[PDB]
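Here the structure is laid out as C-alpha cells; the discussion comes afterwards.
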Amino acid sequence: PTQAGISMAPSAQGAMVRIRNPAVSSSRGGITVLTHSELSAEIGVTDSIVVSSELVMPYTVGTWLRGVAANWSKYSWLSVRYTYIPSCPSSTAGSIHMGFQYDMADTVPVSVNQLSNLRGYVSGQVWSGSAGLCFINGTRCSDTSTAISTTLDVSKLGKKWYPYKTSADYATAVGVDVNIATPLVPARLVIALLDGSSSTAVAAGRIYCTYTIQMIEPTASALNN
Amino acid sequence: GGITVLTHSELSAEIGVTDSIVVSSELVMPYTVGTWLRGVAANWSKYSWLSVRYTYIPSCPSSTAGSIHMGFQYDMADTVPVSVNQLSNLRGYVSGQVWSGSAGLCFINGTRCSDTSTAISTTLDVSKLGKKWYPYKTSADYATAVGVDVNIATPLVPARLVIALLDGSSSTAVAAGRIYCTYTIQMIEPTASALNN
Amino acid sequence: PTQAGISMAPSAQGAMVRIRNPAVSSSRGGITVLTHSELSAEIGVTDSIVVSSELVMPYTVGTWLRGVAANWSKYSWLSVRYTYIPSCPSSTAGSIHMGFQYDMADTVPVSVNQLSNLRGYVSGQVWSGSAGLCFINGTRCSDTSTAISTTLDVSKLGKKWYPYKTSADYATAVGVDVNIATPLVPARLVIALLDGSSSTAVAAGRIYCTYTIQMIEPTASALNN
Amino acid sequence: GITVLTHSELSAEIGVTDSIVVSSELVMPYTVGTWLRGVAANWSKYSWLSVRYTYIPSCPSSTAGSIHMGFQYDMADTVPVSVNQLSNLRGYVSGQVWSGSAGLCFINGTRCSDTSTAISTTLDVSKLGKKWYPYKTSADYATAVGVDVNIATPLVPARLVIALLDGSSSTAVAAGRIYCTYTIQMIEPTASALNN
Amino acid sequence: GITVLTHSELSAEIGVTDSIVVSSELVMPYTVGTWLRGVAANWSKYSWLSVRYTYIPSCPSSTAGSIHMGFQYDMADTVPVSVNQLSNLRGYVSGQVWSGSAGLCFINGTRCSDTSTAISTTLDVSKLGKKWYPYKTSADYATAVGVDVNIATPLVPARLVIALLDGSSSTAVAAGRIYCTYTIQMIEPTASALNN
Amino acid sequence: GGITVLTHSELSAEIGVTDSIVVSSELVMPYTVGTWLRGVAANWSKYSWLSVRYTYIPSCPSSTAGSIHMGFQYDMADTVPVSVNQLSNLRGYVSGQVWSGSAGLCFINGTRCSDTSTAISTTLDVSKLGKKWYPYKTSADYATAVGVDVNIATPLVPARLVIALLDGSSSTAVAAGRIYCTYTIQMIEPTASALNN
Ligand SMILES: [Ca+2]
Ligand SMILES: [Ca+2]
Ligand SMILES: [Ca+2]
Ligand SMILES: [Ca+2]
Ligand SMILES: [Ca+2]
Ligand SMILES: [Ca+2]
C-alpha cells in the first residue's frame, strides 16, 4: 500500500507468535498481579453456523492461570483480551464473530444477527486479523484497524472481586439452578463461525487470550473449590 | 584444553502436514539432534551444549493450510503436552504458518542476519540446565533405563523439544517443511565409537 | 510488511534480470581480471528427489567465460556465486537445495539430509528467492535474508592457481581414474529438487552465476586443452 | 566448613599373563584404597581436587609384559577389550611391566625432573559430572547398578580401566602395583556407621 | 568454519625377526588409526598441524633387536631395503626393541624433561605438497595407485617407513607398538557415508 | 631449517642451426635443467624453485643467419606450439639473432651486470606456480606416468620451456650457441640417490 484508497489482498497472511515470560509482582496491601498470554482455543469453519462459548473466569481462561490463581481465594479481572490469528489462505471461505453475555441464564445466540448486537462484537474473514499480533507478542502496535480482537469491559461487571471457582464445582452448582452462576462468574465469550465452503470443518485459525489479573487472600491450593 | 569445539547446522526433523493434531517430541542430546552429529559426538564420552537452536524452514505452497508449534520441557518425568494449549505455556513457545519463516534461513547457512522477527526458531537456555557436562547416550540404552523409571533420565538429558503440527486442509500428510538444528558443542574425553552407549 | 512479526505471501514473486557489461582490466604483473554474470542452469521440480551437479571451473561455469578464459593458461577464483531466481507462483509445490563437494571421488548426495551438511548449504521454496536479484543486476542490496544463493569459500581450496581445462580432456582424464581430477578442478556444486506435486517436471526457476576471476599466462586459444 | 587432605596409598596389586586381561576400578573414595575409604566415611559428600594413579614395578628387567590404563566416564559404556580400544581413552598410558620406576617421585612429592618414563595418569577434575559427589559403599553401589547401570553417573565421576598382556606365561606373574595419590575436600559430617 | 582436535591412538603393532623386514604406513587420516579414521570422515578435507609417531616397547631388557623409522614424500620413490638407506631419510631414528619407554611422555603431554632416549619422530607440516588434502579411503587410494603411483602425490603428504632386524629368532617376537599423536584441522563437512 | 639452498649456473642445452623450423621443449624440473643439478638435486626428495633463468649464449660468426625463440607453457596438457607464431604468445617470449646476446654473459659468471637489454634471456615467474614444493622426478618415470594421461603431470612439473630455432642458410646443422640455466633452488627431505624416481 502506497497511495490512499488502495489495498492489496495477499495469497496468505503470516503472524509469528512468541509469548514472553509471565509477569508477577507482589504489590503491598495483599494483591499479587499477573499479566500473561496463552493459546485459548482452536478454530475450524463449516458451511452452516456454529456457536461456541467460554466462561471468562481464571479456571477456564488459560491452562497456566488455572494452576497459579488457585493459590488465592478471590481475584479481579483488570484486562481480558481475546485475539484471533489466522492460519490459512486468502482463498479460504469463512468468517468469524465474537461478543459477550453476562447472565449465564440468557440463551446463547443462534444467528450472526443476534450476535452483532452483543457487547464488543467483532467480525472478520477467517483468513485475516494477523494485525492483532502486536497484542499477543507485546510489541509496539501499528495499524490495528484490520485486527480481530475484543476486550471485556471490566469497568461494569456485577462485582469487582469474584471467587476462584473450579469447573467441577461450578457445574455442580449450575446444575441446581443456572442463576447461582451470576455471583461466581462475570461474563462469557460467544464465538460464531459460518460462511465456509465445506460440510466438514476446515482449519481456520486460533484464539489467544492476553489478561492481567489481581489475586488476593492466599489459601492452600488443595482447599480451593 | 582437552575440549574439541564444533559448530554446525544440519537437518533435525521433517514435518508432514495434517488437519488433526499430532504432537511429537525429540530429546535434546547429540544422538538425536541429527545424524551427522550423532556420528561425530559418539567418539567422545561427554559433551556440553553451548548453544542450541531449532529453526523451521518451509518447502510448501502459500496455499497450504496449517500452523506449527515448538516448546521445551525440562523434567523428563513430566507428561508430554496433550493439547497445543498446554504447549503454549512451555518455555520458548513459538508458532507460525507452515509456509512462512523464509527469513530464518540466515540461521542455517550462518550468513549475516537481518530481521529475524518472522522466523520460526527457538533456543535452549543452557545457562539454567541441570549439569554442564552430560554423558553421550544412545536412544536404545536411554529407553532401557527409562523403562525402569523415567527419573533415571534426569541426569542423562538436559531437555526435550515438544512439537505440534495441527491445522491442515487434508486428512493425510503433505511435505511442509524441515526443522534444522544449529548447535555449538564442546566434546570431551574421547572413546572408541563402538563402546559408547 | 509494516509492524514486526508479520509477513505477507504474494500470489507470485517478480524479478527483472538485467545483466550489465563484462568488467575486464589488465592489472600489471600479468593478471587480467574479469567479473561477470551468466545464466547457469534451467530448473524444474518433481515429486521425487533429483540430484544434479556442476563442476566449478571456467569451461563449465559460463558460456562466455569459457571462450574468454581460454586465452590464458591458468586462473584463480576470487568469488563464485550461484543465485536462484523463481519463475513460478506461490501455489507451486517444491523446494530447492544446494551445496558443495571437493573430492570428485566422493559420492553425490542422495537425500536432502546428507545435503544439509555440505558447505554453504541453502534451501528454499521453489517460488521464492527473488530477493537475491540485487546480486545478479549488481544493484544496492536490501534484505537478503530471504534469498536463495550460495558462495564458494575460495579461501580454502586445494591450490590457488588451477589450469584451464576443457570438458573433453577433463572427461578423458577422469575416465582413467577420477582422482586425477583433484588437481584440475577445485569443487563442485550440488543441486537437489523435490517436494513437488507432479510426476512430470514443472517450471521452477533458473540459476545465475556471478563470478570474479583472475586469468594469467597467455597462450593461443587453440593450444589450450 | 570444609576439610582438605592430601595422601597416597596402595590401590591394587598387578599380575601379568599370556592373554589380555581387562579390569577396572571406580574413582570414588571407597574403592581408591583402605585408608581413604575409612576416613572419607566420616563425611557425607566430597569433591576430587586431584586424582592420580601411578604404576610401580616389582619384577626383574627380564620379565615380559606390558600394562595399559585409561579413563571412562559413562559407567554404561562398554569396557574396552583390545589394547587398541583402550588406547583411544583419555589419559591412556602404556609401558613395560618392569618399567615406570620413575613414577615413584609422585608418591612422595619431591624434586621430580625426569618423569618421562613414569607410567602414571591423572584425572581431569575440572570436567566431571558435578562437583560434590555422595560417599557410596561398594555394597550399596552394586545394588543400584543391578537395577540399571545409568543410576551410577550421579554416584561416581569415572572409572580407571586396566589391561595386562604380552606376558611370558599363562599363569599370573608378580608385575607391580598401582598406587593412588589424591587431594580431596570432604564436607557435611556424619557418624561413619550411617554412611552408605 | 574449521574444527581442530588433538589426540593420540595406537597406529600399529610391532614384531622383530632375524632378517630385515621393511613396512610402511601412509600419513593420511584413514590409515593413522581407527579412531581418527572414523571422525575425520565426517569432513571433506583436512590439514596436518602436527604428526608424531612414537614407538613404545613391551618386551624384556633381554630381547634382541632394533627398530628404524623415516619419512618419504614422493610415493613413487622406491622404499628402502637396507638400514643404511633408511638412515638417509629425514627424521631417521633407531633404537633397541626394548628401549624408548621415555617416549611415553609425548602421548599424554606433560612435564617432559628426559626425552633423550625417546624413539619418536615428527612430520614437517610446513614443507608438505599443499595445505589442504582430501580425505581418502584405503580402498579408493589403492585403486588409483593401481593405475599409476604418481596419482598419489595429490592424495597423501607422505609415508612413514619402518624396518626391524637384529632379532634373535626367525619367527616374529612381540617387540612393542607405534602410536600416533596428532593435531588436525578438518573442514567442509559431509555425510561420513559419502566420503571416498 | 631443513632446507639446503644452492645457487648455480650450468649448461642447459646446445643449439644447432638450420633453415627449417624445429621446435623443441624441456621440462623445468631439476632432472632436466642440467646434468650437474640432476646429480645433486636427486639426493633430496623435494625442492622449490626460487629463481630460474635461461640465457642463450652464442658461439658462431656474425655471418650466421638465423633467429632463436623462447617461451613458457604451464598446463603440461596443452599442445606444444606448432608454429613460431603461436610461440610468440606464450609468457616470457623473447627472440634475437643467433650471433647476438654477447652481453647476457653476466648472468652465467654472476658478475656485475650493465645493460642487459640485448641479452636473449627469459625468467620463470615462480610466484604464480601451482605448488611451492615439487617432487623430484626422473624423465623415465615421468614418461611412464604421462603415458597413462598427461594431466597426471600437472602436479609433478611447474612449467615447460618452448624453444624454436628457425631461419638458417643451410639445410644442415651448424653449432650456434648454448642455453645456460641460472638457478637458485631449495632442496628438502634427503633420500638415498638410488631410490629417487
Ligand atoms: Ca474458591
Ligand atoms: Ca556413553
Ligand atoms: Ca590448459
Ligand atoms: Ca553416603
Ligand atoms: Ca573424500
Ligand atoms: Ca622422487
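Within each chain, counting starts at residue 1; across the C-alpha cells, chains are named A, B, ... in the order shown, with ligands numbered 1 upward in that order.
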
Item to complete: Step by step, measure atom-to-atom distances between ligand 5 and each residue using only C-alpha atoms and all ligand atoms, keep those at most 8 Å, then write them as a ChimeraX atom specification.
Response: /C:102-106 /E:41,44-45,134-137,194-196

Just the selected residues (C-alpha atoms), exported as a PDB file, in the first residue's frame, please.
```pdb
ATOM      1  CA  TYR C 102      35.542 -31.061  -3.082  1.00  0.00           C
ATOM      2  CA  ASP C 103      36.731 -34.606  -3.791  1.00  0.00           C
ATOM      3  CA  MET C 104      35.119 -35.512  -7.092  1.00  0.00           C
ATOM      4  CA  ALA C 105      35.639 -39.095  -5.955  1.00  0.00           C
ATOM      5  CA  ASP C 106      33.092 -38.730  -3.111  1.00  0.00           C
TER       6      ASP C 106
ATOM      7  CA  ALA E  41      35.475 -38.981   7.596  1.00  0.00           C
ATOM      8  CA  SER E  44      35.794 -33.389   3.180  1.00  0.00           C
ATOM      9  CA  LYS E  45      39.362 -32.069   3.558  1.00  0.00           C
ATOM     10  CA  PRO E 134      41.254 -34.599   0.570  1.00  0.00           C
ATOM     11  CA  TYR E 135      40.088 -37.448   2.793  1.00  0.00           C
ATOM     12  CA  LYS E 136      40.806 -40.758   1.071  1.00  0.00           C
ATOM     13  CA  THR E 137      39.978 -44.382   1.811  1.00  0.00           C
ATOM     14  CA  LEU E 194      29.768 -40.371   1.070  1.00  0.00           C
ATOM     15  CA  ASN E 195      33.494 -39.941   1.732  1.00  0.00           C
ATOM     16  CA  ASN E 196      35.839 -41.870  -0.544  1.00  0.00           C
TER      17      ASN E 196
END
```

Worksheet item: Which parts of range 22-68 of chain F does DSSP call strand (DSSP E or B) when run on the backbone here, written out as a ChimeraX atom specification?
Response: /F:22-27,44-58,67-68

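Based on only C-alpha atoms and all ligand atoms, the protein and nucleic acid residues found within 9 Å of ligand 1 are, by chain and then by number, residues 70, 72, 73, 74, 163, 164, 165, 166, 219, 223, 224 and 225 of chain A.
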
Could you save the residues just selected, with N, CA, C and O atoms, as a PDB file, in the first residue's frame?
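Now in selection_24.pdb:
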```pdb
ATOM      1  N   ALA A  70      -5.023 -20.476  41.605  1.00  0.00           N
ATOM      2  CA  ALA A  70      -5.653 -21.375  42.559  1.00  0.00           C
ATOM      3  C   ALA A  70      -5.133 -21.171  43.972  1.00  0.00           C
ATOM      4  O   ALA A  70      -5.807 -21.530  44.933  1.00  0.00           O
ATOM      5  N   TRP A  72      -4.888 -18.495  45.544  1.00  0.00           N
ATOM      6  CA  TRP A  72      -5.505 -17.309  46.125  1.00  0.00           C
ATOM      7  C   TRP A  72      -7.029 -17.499  46.121  1.00  0.00           C
ATOM      8  O   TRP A  72      -7.575 -18.066  45.176  1.00  0.00           O
ATOM      9  N   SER A  73      -7.702 -17.024  47.172  1.00  0.00           N
ATOM     10  CA  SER A  73      -9.159 -17.155  47.313  1.00  0.00           C
ATOM     11  C   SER A  73     -10.035 -16.382  46.315  1.00  0.00           C
ATOM     12  O   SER A  73     -10.970 -16.957  45.752  1.00  0.00           O
ATOM     13  N   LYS A  74      -9.756 -15.090  46.118  1.00  0.00           N
ATOM     14  CA  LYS A  74     -10.519 -14.255  45.175  1.00  0.00           C
ATOM     15  C   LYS A  74      -9.616 -13.660  44.076  1.00  0.00           C
ATOM     16  O   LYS A  74      -8.411 -13.919  44.039  1.00  0.00           O
ATOM     17  N   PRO A 163     -14.872 -15.114  43.345  1.00  0.00           N
ATOM     18  CA  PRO A 163     -14.168 -16.227  43.980  1.00  0.00           C
ATOM     19  C   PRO A 163     -13.580 -17.197  42.958  1.00  0.00           C
ATOM     20  O   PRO A 163     -14.168 -17.444  41.897  1.00  0.00           O
ATOM     21  N   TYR A 164     -12.411 -17.739  43.267  1.00  0.00           N
ATOM     22  CA  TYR A 164     -11.806 -18.691  42.360  1.00  0.00           C
ATOM     23  C   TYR A 164     -12.703 -19.912  42.405  1.00  0.00           C
ATOM     24  O   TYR A 164     -12.912 -20.501  43.468  1.00  0.00           O
ATOM     25  N   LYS A 165     -13.240 -20.282  41.248  1.00  0.00           N
ATOM     26  CA  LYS A 165     -14.127 -21.434  41.147  1.00  0.00           C
ATOM     27  C   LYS A 165     -13.506 -22.504  40.243  1.00  0.00           C
ATOM     28  O   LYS A 165     -12.737 -22.182  39.338  1.00  0.00           O
ATOM     29  N   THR A 166     -13.825 -23.771  40.503  1.00  0.00           N
ATOM     30  CA  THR A 166     -13.317 -24.884  39.701  1.00  0.00           C
ATOM     31  C   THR A 166     -14.447 -25.350  38.792  1.00  0.00           C
ATOM     32  O   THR A 166     -15.597 -25.402  39.218  1.00  0.00           O
ATOM     33  N   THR A 219      -4.549 -19.189  50.121  1.00  0.00           N
ATOM     34  CA  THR A 219      -5.174 -20.415  50.620  1.00  0.00           C
ATOM     35  C   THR A 219      -4.380 -21.562  50.043  1.00  0.00           C
ATOM     36  O   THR A 219      -3.768 -21.413  48.986  1.00  0.00           O
ATOM     37  N   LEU A 223      -7.392 -26.781  49.152  1.00  0.00           N
ATOM     38  CA  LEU A 223      -8.648 -26.422  49.783  1.00  0.00           C
ATOM     39  C   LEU A 223      -9.555 -25.631  48.845  1.00  0.00           C
ATOM     40  O   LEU A 223     -10.763 -25.549  49.071  1.00  0.00           O
ATOM     41  N   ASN A 224      -8.981 -25.071  47.780  1.00  0.00           N
ATOM     42  CA  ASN A 224      -9.754 -24.256  46.845  1.00  0.00           C
ATOM     43  C   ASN A 224     -10.709 -25.014  45.942  1.00  0.00           C
ATOM     44  O   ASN A 224     -10.295 -25.881  45.173  1.00  0.00           O
ATOM     45  N   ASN A 225     -11.989 -24.665  46.038  1.00  0.00           N
ATOM     46  CA  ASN A 225     -13.032 -25.274  45.227  1.00  0.00           C
ATOM     47  C   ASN A 225     -13.774 -24.155  44.518  1.00  0.00           C
ATOM     48  O   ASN A 225     -14.390 -24.427  43.468  1.00  0.00           O
TER      49      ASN A 225
END
```

Residues of chain B were defined as contacting chain C if any atom lay at most 9 Å from it, counting only C-alpha atoms; please report them as a compact mmCIF listing (two decimals) with C-alpha atoms, in the first residue's frame.
```
# COMPACT_ATOMS: atom_id res chain seq x y z
CA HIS B 8 27.42 -26.96 12.79
CA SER B 9 23.90 -26.87 11.36
CA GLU B 10 22.27 -29.96 9.93
CA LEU B 11 18.72 -31.24 9.33
CA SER B 12 16.95 -32.26 12.54
CA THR B 35 22.56 -37.98 12.02
CA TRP B 36 25.77 -36.11 11.27
CA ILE B 57 12.12 -23.92 7.23
CA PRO B 58 9.23 -24.28 4.74
CA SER B 59 9.03 -26.27 1.49
CA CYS B 60 5.36 -25.83 0.60
CA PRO B 61 2.98 -23.53 -1.35
CA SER B 62 1.33 -20.46 0.18
CA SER B 63 -1.91 -22.32 -0.45
CA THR B 64 -1.04 -24.75 2.36
CA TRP B 99 4.62 -21.56 4.64
CA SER B 100 6.31 -18.69 6.50
CA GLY B 101 9.70 -18.32 8.19
CA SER B 102 11.60 -17.92 4.92
CA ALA B 103 13.78 -15.44 6.78
CA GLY B 104 15.00 -18.00 9.31
CA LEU B 105 17.32 -19.27 6.60
CA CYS B 106 20.08 -16.99 7.92
CA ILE B 108 21.22 -22.39 8.82
CA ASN B 109 23.82 -21.08 6.33
CA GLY B 110 25.30 -18.86 9.05
CA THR B 111 25.27 -15.67 6.97
CA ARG B 112 24.56 -12.13 8.18
CA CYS B 113 21.05 -11.91 9.62
CA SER B 114 18.64 -9.02 9.04
CA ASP B 115 15.12 -9.01 10.51
CA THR B 116 14.53 -12.37 12.19
CA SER B 117 11.21 -11.50 13.80
CA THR B 118 9.35 -13.58 11.22
CA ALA B 119 11.47 -16.72 11.71
CA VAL B 174 1.81 -33.25 2.77
CA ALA B 175 5.56 -32.37 2.92
CA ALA B 176 5.59 -28.93 4.59
CA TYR B 180 17.08 -27.73 11.30
```

Response to the item:
Judged by only C-alpha atoms, the minimum distance to chain E among B:95, B:171, B:121, B:7 is found for B:7

Discussion item. Residues of chain D within 6 Å of chain B, counting only C-alpha atoms - could you list those as an MDAnalysis selection string?
Written reply: chainID D and resid 74 77:78 85 88:90 129

Worksheet, complete the sentence: With distances taken over only C-alpha atoms and all ligand atoms, the candidate from E:49, E:125, E:76, E:2 nearest ligand 6 is E:76

Which residues of chain F come within 12 Å of ligand 3, and for each one, what is the closest pair of atoms and their distance in Å to one decimal, counting only C-alpha atoms and all ligand atoms, sorted by chain and residue number, as CSV?
```
residue,atom,partner,partner_atom_place_in_ligand_line,distance
F:73,CA,ligand 3,1 (Ca),9.0
F:74,CA,ligand 3,1 (Ca),7.6
F:75,CA,ligand 3,1 (Ca),4.9
F:76,CA,ligand 3,1 (Ca),7.6
F:77,CA,ligand 3,1 (Ca),6.1
F:78,CA,ligand 3,1 (Ca),5.0
F:79,CA,ligand 3,1 (Ca),8.6
F:80,CA,ligand 3,1 (Ca),11.1
F:150,CA,ligand 3,1 (Ca),11.2
F:151,CA,ligand 3,1 (Ca),9.7
F:154,CA,ligand 3,1 (Ca),10.1
F:159,CA,ligand 3,1 (Ca),11.9
```

Can you spit out the residues from that selection as an mmCIF file, in the first residue's frame, using N, CA, C and O atoms?
```cif
data_model
loop_
_atom_site.group_PDB
_atom_site.id
_atom_site.type_symbol
_atom_site.label_atom_id
_atom_site.label_comp_id
_atom_site.auth_asym_id
_atom_site.auth_seq_id
_atom_site.Cartn_x
_atom_site.Cartn_y
_atom_site.Cartn_z
ATOM 1 N N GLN F 73 55.093 -22.608 -21.141
ATOM 2 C CA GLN F 73 53.753 -23.210 -21.162
ATOM 3 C C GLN F 73 53.534 -23.716 -19.737
ATOM 4 O O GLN F 73 54.496 -24.122 -19.084
ATOM 5 N N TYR F 74 52.300 -23.712 -19.241
ATOM 6 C CA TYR F 74 52.106 -24.166 -17.868
ATOM 7 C C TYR F 74 51.215 -25.381 -17.608
ATOM 8 O O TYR F 74 51.351 -26.055 -16.575
ATOM 9 N N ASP F 75 50.302 -25.667 -18.527
ATOM 10 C CA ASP F 75 49.447 -26.834 -18.373
ATOM 11 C C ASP F 75 50.064 -27.881 -19.273
ATOM 12 O O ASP F 75 49.813 -27.908 -20.472
ATOM 13 N N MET F 76 50.904 -28.723 -18.691
ATOM 14 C CA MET F 76 51.583 -29.770 -19.442
ATOM 15 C C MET F 76 50.690 -30.492 -20.455
ATOM 16 O O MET F 76 51.179 -31.185 -21.352
ATOM 17 N N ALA F 77 49.380 -30.325 -20.309
ATOM 18 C CA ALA F 77 48.421 -30.964 -21.196
ATOM 19 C C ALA F 77 48.148 -30.175 -22.489
ATOM 20 O O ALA F 77 47.623 -30.739 -23.455
ATOM 21 N N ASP F 78 48.490 -28.882 -22.508
ATOM 22 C CA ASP F 78 48.274 -28.050 -23.700
ATOM 23 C C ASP F 78 49.177 -28.558 -24.820
ATOM 24 O O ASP F 78 50.170 -29.238 -24.568
ATOM 25 N N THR F 79 48.842 -28.223 -26.058
ATOM 26 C CA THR F 79 49.642 -28.668 -27.185
ATOM 27 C C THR F 79 50.882 -27.813 -27.361
ATOM 28 O O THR F 79 50.823 -26.595 -27.257
ATOM 29 N N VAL F 80 52.007 -28.453 -27.635
ATOM 30 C CA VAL F 80 53.239 -27.714 -27.845
ATOM 31 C C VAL F 80 53.090 -26.898 -29.128
ATOM 32 O O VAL F 80 52.718 -27.449 -30.171
ATOM 33 N N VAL F 150 48.427 -37.317 -19.553
ATOM 34 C CA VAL F 150 49.237 -36.127 -19.332
ATOM 35 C C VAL F 150 48.864 -35.340 -18.096
ATOM 36 O O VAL F 150 49.737 -34.829 -17.403
ATOM 37 N N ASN F 151 47.572 -35.233 -17.817
ATOM 38 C CA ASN F 151 47.153 -34.464 -16.664
ATOM 39 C C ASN F 151 47.760 -34.944 -15.361
ATOM 40 O O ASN F 151 47.774 -34.211 -14.379
ATOM 41 N N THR F 154 50.654 -32.500 -14.295
ATOM 42 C CA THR F 154 50.417 -31.196 -13.695
ATOM 43 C C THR F 154 50.908 -31.015 -12.250
ATOM 44 O O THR F 154 51.335 -29.920 -11.866
ATOM 45 N N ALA F 159 56.511 -26.030 -15.076
ATOM 46 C CA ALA F 159 56.331 -25.467 -16.399
ATOM 47 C C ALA F 159 57.097 -26.242 -17.456
ATOM 48 O O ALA F 159 57.533 -27.368 -17.230
#
```

Worksheet item: Residues at most 12 Å from range 26-34 of chain C, counting only C-alpha atoms, excluding those fewer than 2 positions away in the same chain, as a ChimeraX atom specification?
Response: /C:21-24,36-37,58,64-65,68-69,71-80,161,210-218 /F:90-92,125,127-128

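With only C-alpha atoms as the atoms that count, the minimum distance from residue 6 in chain E to the choices B:187, B:172, B:97, B:84 is reached by B:187.
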
Please give me, as a short mmCIF file (atom, residue, chain, number, x, y, z; two decimals) with N, CA and C atoms, in the first residue's frame, the residues lying within 12 Å of ligand 4 when counting only C-alpha atoms and all ligand atoms.
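part-v8.cif written:
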```cif
data_model
loop_
_atom_site.label_atom_id
_atom_site.label_comp_id
_atom_site.auth_asym_id
_atom_site.auth_seq_id
_atom_site.Cartn_x
_atom_site.Cartn_y
_atom_site.Cartn_z
N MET D 28 36.07 -43.53 43.21
CA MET D 28 35.34 -43.00 44.35
C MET D 28 36.15 -43.35 45.60
N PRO D 29 36.07 -42.53 46.65
CA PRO D 29 36.79 -42.72 47.91
C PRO D 29 36.80 -44.13 48.46
N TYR D 30 35.65 -44.78 48.43
CA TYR D 30 35.55 -46.13 48.97
C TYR D 30 36.44 -47.16 48.29
N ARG D 37 39.16 -44.92 52.33
CA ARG D 37 37.83 -45.50 52.48
C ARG D 37 37.33 -45.28 53.90
N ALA D 40 37.18 -40.99 54.68
CA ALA D 40 36.17 -40.33 53.88
C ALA D 40 34.75 -40.63 54.33
N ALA D 41 34.58 -41.75 55.04
CA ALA D 41 33.27 -42.17 55.51
C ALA D 41 32.67 -41.32 56.62
N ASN D 42 33.49 -40.50 57.27
CA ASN D 42 33.01 -39.65 58.36
C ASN D 42 32.36 -38.36 57.87
N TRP D 43 32.33 -38.18 56.55
CA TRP D 43 31.74 -37.02 55.90
C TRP D 43 30.71 -37.50 54.88
N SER D 44 29.66 -36.72 54.66
CA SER D 44 28.61 -37.09 53.71
C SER D 44 28.97 -37.00 52.22
N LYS D 45 29.54 -35.87 51.80
CA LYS D 45 29.94 -35.69 50.41
C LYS D 45 31.41 -35.32 50.30
N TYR D 46 31.92 -35.28 49.08
CA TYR D 46 33.32 -34.95 48.84
C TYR D 46 33.49 -34.41 47.44
N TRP D 132 30.27 -31.90 43.78
CA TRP D 132 30.12 -32.68 45.00
C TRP D 132 29.39 -34.01 44.81
N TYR D 133 30.11 -35.10 45.03
CA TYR D 133 29.55 -36.43 44.92
C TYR D 133 29.27 -36.99 46.32
N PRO D 134 28.30 -37.92 46.43
CA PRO D 134 27.98 -38.50 47.73
C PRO D 134 28.88 -39.71 48.00
N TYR D 135 29.17 -39.97 49.26
CA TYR D 135 30.02 -41.11 49.59
C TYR D 135 29.18 -42.37 49.45
N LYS D 136 29.68 -43.32 48.66
CA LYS D 136 28.97 -44.58 48.44
C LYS D 136 29.81 -45.80 48.79
N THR D 137 29.13 -46.87 49.17
CA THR D 137 29.80 -48.11 49.54
C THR D 137 29.74 -49.12 48.40
N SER D 138 30.77 -49.95 48.30
CA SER D 138 30.83 -50.96 47.25
C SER D 138 29.47 -51.63 47.20
N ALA D 139 29.05 -52.10 48.36
CA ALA D 139 27.78 -52.79 48.52
C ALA D 139 26.58 -52.06 47.91
N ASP D 140 26.26 -50.89 48.46
CA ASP D 140 25.13 -50.10 48.01
C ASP D 140 25.19 -49.76 46.52
N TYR D 141 26.38 -49.44 46.02
CA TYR D 141 26.53 -49.10 44.61
C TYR D 141 26.10 -50.27 43.76
N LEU D 155 26.49 -41.06 40.99
CA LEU D 155 27.22 -41.64 42.13
C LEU D 155 28.74 -41.64 42.01
N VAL D 156 29.25 -41.85 40.80
CA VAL D 156 30.70 -41.86 40.59
C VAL D 156 31.08 -41.03 39.40
N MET D 186 36.30 -32.82 51.84
CA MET D 186 35.17 -33.55 52.42
C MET D 186 34.27 -32.61 53.21
N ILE D 187 32.96 -32.84 53.16
CA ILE D 187 32.01 -31.98 53.87
C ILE D 187 30.81 -32.68 54.48
N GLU D 188 30.04 -31.92 55.25
CA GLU D 188 28.82 -32.40 55.89
C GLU D 188 28.98 -33.73 56.64
N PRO D 189 29.69 -33.69 57.78
CA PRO D 189 29.99 -34.81 58.67
C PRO D 189 28.80 -35.70 58.97
N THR D 190 29.11 -36.92 59.39
CA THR D 190 28.12 -37.93 59.74
C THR D 190 28.83 -39.06 60.46
N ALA D 191 28.10 -39.76 61.32
CA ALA D 191 28.70 -40.89 62.03
C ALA D 191 29.11 -41.84 60.92
N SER D 192 30.36 -42.29 60.93
CA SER D 192 30.85 -43.19 59.89
C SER D 192 29.95 -44.41 59.68
N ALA D 193 29.29 -44.84 60.74
CA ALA D 193 28.42 -46.01 60.69
C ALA D 193 27.05 -45.82 60.01
N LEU D 194 26.75 -44.61 59.58
CA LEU D 194 25.48 -44.34 58.92
C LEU D 194 25.66 -44.10 57.43
N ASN D 195 26.92 -44.06 56.99
CA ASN D 195 27.22 -43.79 55.58
C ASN D 195 27.09 -44.99 54.65
N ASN D 196 26.22 -44.86 53.65
CA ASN D 196 26.01 -45.92 52.68
C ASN D 196 26.25 -45.35 51.30
#
```

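For the pair CA of residue 21 in chain E and CA of residue 95 in chain E, the separation is 15.3 Å.
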
Item to complete: Return as a count of residues only the full set of residues in range 30-131 of chain D whose backbone-based DSSP assignment is alpha helix (DSSP H).
Response: 20

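Take the candidates D:75, D:172, D:161, D:104 and check each one against ligand 2 using only C-alpha atoms and all ligand atoms; the shortest distance goes to D:75.
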
Discussion item. Give me, as an NGL selection string, the residues of chain D touching chain E, with the criterion being at most 6 Å (counting only C-alpha atoms).
Written reply: :D and (61-66 or 84 or 87-88 or 96 or 114 or 116-117)
